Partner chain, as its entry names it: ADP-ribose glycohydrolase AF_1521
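Just one chain is shown here, as structure tokens, and it is the form deposited without the partner chain.
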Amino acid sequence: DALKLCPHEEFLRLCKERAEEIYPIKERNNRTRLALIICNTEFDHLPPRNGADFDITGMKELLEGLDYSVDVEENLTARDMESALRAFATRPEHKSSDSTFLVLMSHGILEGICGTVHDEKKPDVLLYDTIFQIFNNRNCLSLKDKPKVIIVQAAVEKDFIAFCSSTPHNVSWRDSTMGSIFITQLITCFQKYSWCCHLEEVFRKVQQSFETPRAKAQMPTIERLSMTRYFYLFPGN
């Protein structure tokens, strides 16, 4: 399985004929798009999430195939995750970028994602709203009017989209324990459909795979959709 590339002519054709419907794409040269992967595997009061190492390498290989430079932050606290996100939102390469990806994977609760020192009595949680506050058009200007794809896995803001999986830790991993079900299905659909589908359409393909009578409960959800146009990643261009 590999990331199928979109033909150059279709990338040029779709850019001309559907320019007003799709997000703009910067040229390969002079392009410095960035991506950030935050993943907590070791905890003090939570079960170990070892096996997400394959989700890190999988997402990192996929984003690199999408011409993204991936920064990996691992086993951080709630405050350290806050500081890493704002440092990412202020990097100058976003000015020469067209989009960004934020992949956050750890244990979680409804209001946010847990950190390495989370306890049910002393919670250490990064709230989901903090992520949008950091990258909104007010506090992040180099990514204004640009797609800000957020992919979360747990247990005015514009141009946002969030693919969220809250599958509990017991039933969230593949039978091999070599990666999670959600990430593996996400990578598979990106490798098979990035070249002919826009981003939100790819997220729907991932959801359709969870449309079995057994997997419907673990179905990922698209939340806080603030995007104003379609995002074709045009893999290979």
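Residues that one form lacks are left out of the comparison. Numbering follows the first chain given and starts at 1. Rigid core here is just the name for the largest C-alpha set that superposes within 1.5 Å across the two forms.
Not pictured, yet referred to below: the form solved in complex with the partner chain.
Chemist: Does any part of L46 reach within 4.5 Å of the partner chain in the entry with it bound? Heavy atoms only, please.
Modeler: So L46 counts as contacting the partner chain.
Chemist: Can you check whether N170 is within 4.5 Å of the partner chain in the entry with it bound, heavy atom basis?
Modeler: So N170 counts as contacting the partner chain.
Chemist: Tell me which of 180-188, 24-32, 199-207, 38-46 has residues with heavy atoms within 4.5 angstroms of the partner chain in the entry with it bound?
Modeler: Of the options, only 38-46 has residues within 4.5 Å of the partner.
Chemist: Provide the ranges, sorted by sequence, of consecutive runs with at least 3 residues in which each Cα shifts 2 Å or more between this form and the one not shown, based on a superposition on the core.
Modeler: CA shift runs, sequence order: 170-173, 175-178.
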